[PDB]
């Protein structure tokens, strides 16, 4: 019910204050605090993002919510507690992790992502699916980014919410990320209401390239104008910012912004040039990809950019489309 949803949100927003105190003030939170500061998190940024620490006692969140008169079973359904099968008892889901509040589109905290700081697995532990937290709908930083997304008429999608935080601080405001999932149809519906321009800047590795192709193709099929920023090998935005600085980052992100079709064929370049079977199939694919582009201006430019990869003229490629 809406009433239960509100209770669950309250739990999240109240425990946030305690997590923040635990991180910034308490003895147990000192190592986690140092880890964050070594990653460039200022005291102001930590406060701004509401970042906290979950102690390792396994009943920190439990005792707090109990004291505040919240229904324990509801706290479990809210994804803040876990439950033992045998003893039927409840305990903290998040233990010895740095706590990143996850806000919904309306700016309310509806979940957490807990990162290890001691090399534990899993690296990130998120809230489970709950009535208020749904990964297929939530986009990290959306409530904060919405204003700049509309004004710049563009959204930039990153892989990690950590990259989003750093990019935001660096000056790139129109950035969001999924919570470790593939962009969903619901996400695209939400995004379409804000802008028709979407830029993908995933990690500069093989997995990142693959995710870019899959996500880009989906977006293109749904009628969005898709662009790609290719990061240097082995780097994500956070690592780029840390190595080159904020000014270098904001310059980089507005430099080589390529239409999806152009990025795609550049990836397939060698296979096309060596494998004749792949040559034919990818010529048909890219023809189809270009035909999907709503922007006639960018469609024409894509034809000019893609054609040389197949050793054909722009006119020959245009005919195939």
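Positions refer to the first chain, counted from 1.
131-139 versus 88-96 - greater average Cα B-factor per the deposited record:
It is 88-96 that shows the higher mean C-alpha B-factor.
Comparing 222-230 with 78-86, which has the greater mean CA B-factor as deposited?
Comparing 222-230 with 78-86, the higher average CA B-factor belongs to 78-86.
Largest Cα B-factor, entry values, listed residues 279, 260, 64, 252:
Answer for 279, 260, 64, 252: 252, with the highest C-alpha B-factor.
Checking the entry, which one of 151, 115, 103, 187 has the top C-alpha B factor?
Among 151, 115, 103, 187, the PDB entry lists the largest C-alpha B-factor for 151.
Lowest, middle or highest third: where is residue 294 by C-alpha B factor in its chain?
Residue 294: CA B-factor falls in the highest third of its chain.
Lowest, middle or highest third: where is residue 40 by Cα B-factor in its chain?
Its C-alpha B-factor, which the entry lists for residue 40, ranks in the highest third among residues of this chain.
Relative to the other modelled residues of the same chain, rank the CA B-factor of residue 215 and answer lowest, middle or highest third.
Its C-alpha B-factor belongs to the lowest third of this chain's values.
Split the chain's modelled residues into thirds by Cα B-factor; is residue 207 in the lowest, middle or highest one?
As the PDB entry reports it, the C-alpha B-factor of residue 207 lands in the middle third of its chain.
Mind checking which third residue 57 falls in for C-alpha B-factor across the chain?
Highest third.
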